[PDB]
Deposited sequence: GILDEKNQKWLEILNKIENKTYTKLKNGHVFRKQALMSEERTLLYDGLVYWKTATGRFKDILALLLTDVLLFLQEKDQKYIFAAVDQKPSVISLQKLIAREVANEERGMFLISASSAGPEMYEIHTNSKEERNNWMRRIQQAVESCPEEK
C-alpha cells in the first residue's frame, strides 16, 4: 500500500493504453490495490527485450520515462491485461520465462515475460494463479 501510493504518484499523468475493444485505460482507473510488483523483461516479437515494471493488482506493464512511469507502449499492444481473460503458462524452453495470454475476443495478445530467476518465475506464477 505505501509502495503503491508512490508508484502511483510516479505514474505520468496523461498516460493511457488502448484496449483491443477500442476502450482506453488511464491512470484514473488505478484510483478506484497492489498485490505485488516486480522488474521483468518483455520479449518483443522481434526478440528484443524491454525493461518493464510489472504490477499485479489485472496485470499492468510500465515503462520508465526518467523518474516517471508511463503505461508500456510496446508494439501497439495493450499494457494492461484483464485477469479474467488471462491464460498463464511456463515457457518450457526457459526456466525464467512465462507466457501470459490475453484471450480477448477483440483480439488475443501474447506477452512473453522473463524474470531474473527460476524462483522468481515460479513466484510470479503462484501469485498470478490466485486471481
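Within the chain's deposited sequence, the coordinate-free stretches run 1 to 6, 39 to 41, 67 to 68, 143 to 150 in sequence order.
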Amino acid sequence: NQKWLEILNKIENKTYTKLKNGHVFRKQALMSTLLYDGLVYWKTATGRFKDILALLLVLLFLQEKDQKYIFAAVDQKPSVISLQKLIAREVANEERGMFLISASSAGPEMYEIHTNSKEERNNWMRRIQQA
From here on, numbers count along this sequence of modelled residues.
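When the C-alpha B-factors of 42 to 50 and 68 to 76 are averaged, 68 to 76 comes out higher. Mean CA B-factor, 90 to 98 versus 22 to 30: the higher value falls on 22 to 30.
Residue 12: CA B factor lies in the highest third for its chain, per the PDB record. In this PDB entry, the Cα temperature factor of residue 57 sits in the top third of its chain's modelled residues, the highest group.
The PDB entry assigns residue 122 a C-alpha temperature factor belonging to the middle third of its chain's modelled residues.
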